[PDB]
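Input: a single structure, listed below in structure tokens.
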Amino acid sequence: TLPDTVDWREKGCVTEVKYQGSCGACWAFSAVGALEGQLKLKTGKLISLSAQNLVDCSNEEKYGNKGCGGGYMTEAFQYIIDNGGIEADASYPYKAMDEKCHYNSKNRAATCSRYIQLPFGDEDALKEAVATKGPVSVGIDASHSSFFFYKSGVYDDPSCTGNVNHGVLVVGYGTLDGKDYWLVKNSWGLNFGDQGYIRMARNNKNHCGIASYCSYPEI
Ligand SMILES: *C(=N)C1(NC(=O)[C@@H]2C[C@@H](S(=O)(=O)c3ccc(O[C@@H](C)C(F)(F)F)cc3Cl)CN2C(=O)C2(C(F)(F)F)CC2)CC1
């Protein structure tokens, strides 16, 4: 059996909300988010990891990430595996632009050994992973202004599709006033949503594609 409610912020596994600005770096914020969680769980340290390091260094044929043009959390993880590490944000800060790779192993703040992909569309497996492993990187359809304007309750918009366009982090789940939700960390800054968080419909037919392309890393 799994708990009815999970919120990884309560265990100190989630860093502050980030603001991607003009750069399409959602995928990199989602990926460092998930690794931040694992890093805290395995070493007791909570550190913001460098989204910029992912944006600058994985923009090549082998990965298919496009820096500020978009990218994939799975390929971010693979970059980190191949590269033997990632820097902390403090030593490799976010510039919201494409720059040339300046990774230095002397500033290595985390590693990754493998990542896990969860079954397409499977909200039960997502719930298991979120409950037992940690925060999980996911794609969502964030193409609607109703997403943009969210403030409270549970986001459910019948115009949502599985056409995912945005990488975010699920750091929990629960039921609010009768409605199951996924607790999602966005990278549109603190003023988006509820201090940078949105509760999105859970067990509603893979709503907004939230369980379509889910992954998490192992340190
Ligand atoms: C973030 N600022 C923003 N969005 C992205 O970078 C999104 C995030 C992912 S996705 O949309 O979640 C997505 C889409 C399609 C797949 O298919 C798998 C099977 C594939 F192709 F990878 F093999 C997975 C995922 Cl995770 C991708 N994405 C994109 O914008 C795209 C790309 F830039 F990475 F190519 C896919 C268009 C606005 C930039």
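Within segment 120-143, if we keep just the residues that are surrounded by 15 or more Cβ atoms within 10 Å (Cβ to Cβ) and in a loop (DSSP other than H, G, I, E, B), the residue that is nearest to the chain's Cα centre (by Cα) turns out to be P135. Just the residues that are closer than 12 Å to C214 by Cβ and either without any contact (Cβ under 8 Å) to a residue 60 or more places away in the chain or out of contact with any helix residue (DSSP H, G or I) (no Cβ under 6 Å at 6 or more places or on another chain) (or both), please, taken from segment 154-172. Hits for segment 154-172 are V164, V170. Taken together, the residues in segment 173-189 that are in contact (Cβ under 8 Å) with a residue 24 or more places away in the chain, part of a strand (DSSP E or B) and over 29 Å from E75 (Cα atoms) amount to 4.
Of the residues making up segment 105-119, those that are over 30 Å from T175 (Cβ atoms), loosely packed, with under 14 Cβ neighbours inside 10 Å and touching a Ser or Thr at 6+ places or on another chain (Cβ under 8 Å) number 0. The conditions of being within 16 Å of the ligand (Cβ to nearest atom), closer than 16 Å to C101 by Cβ and among the basic types (K, R) are not met by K18.
Note on segment 54-91: residues that are closer than 18 Å to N165 by Cβ and in a loop (DSSP other than H, G, I, E, B) total 8. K151 - would you say it is part of a loop (DSSP other than H, G, I, E, B), without any contact (Cβ under 8 Å) to a residue 60 or more places away in the chain, in contact with an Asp or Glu (Cβ under 9 Å, 6 or more places away or on another chain) and under 25 Å from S58 (Cβ atoms)? It is false that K151 is part of a loop (DSSP other than H, G, I, E, B), without any contact (Cβ under 8 Å) to a residue 60 or more places away in the chain, in contact with an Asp or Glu (Cβ under 9 Å, 6 or more places away or on another chain) and under 25 Å from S58 (Cβ atoms). Within segment 141-185, the set of residues being of a type in the set (A, V, I, L, M, F, W, C) and away from the ligand (no atom under 16 Å from the Cβ) comprises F149, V154, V171, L176, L183. Consider segment 199-218 and keep the residues that are closer than 14 Å to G121 by Cα and either of a type in the set (D, E) or in a helix (DSSP H, G or I) (or both). The one that is nearest to the ligand (Cβ to nearest atom) is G209.
As a summary of the residue check, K62 satisfies the conditions (1) exposed (fewer than 15 other Cβ atoms within 10 Å of the Cβ); (2) basic (K, R); (3) under 16 Å from the mean Cα position of the chain (by Cα) except for the one numbered (3). Each residue in segment 1-21 was checked for being closer than 17 Å to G189 by Cβ and in contact with a helix residue (DSSP H, G or I) (Cβ under 7 Å, 6 or more places away or on another chain), and 4 pass.
No lab work stands behind these numbers, since they all come straight from the coordinates. Please note: Cβ atoms are built from the backbone with ideal geometry, for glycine as well, and neighbour counts cover all protein chains shown.
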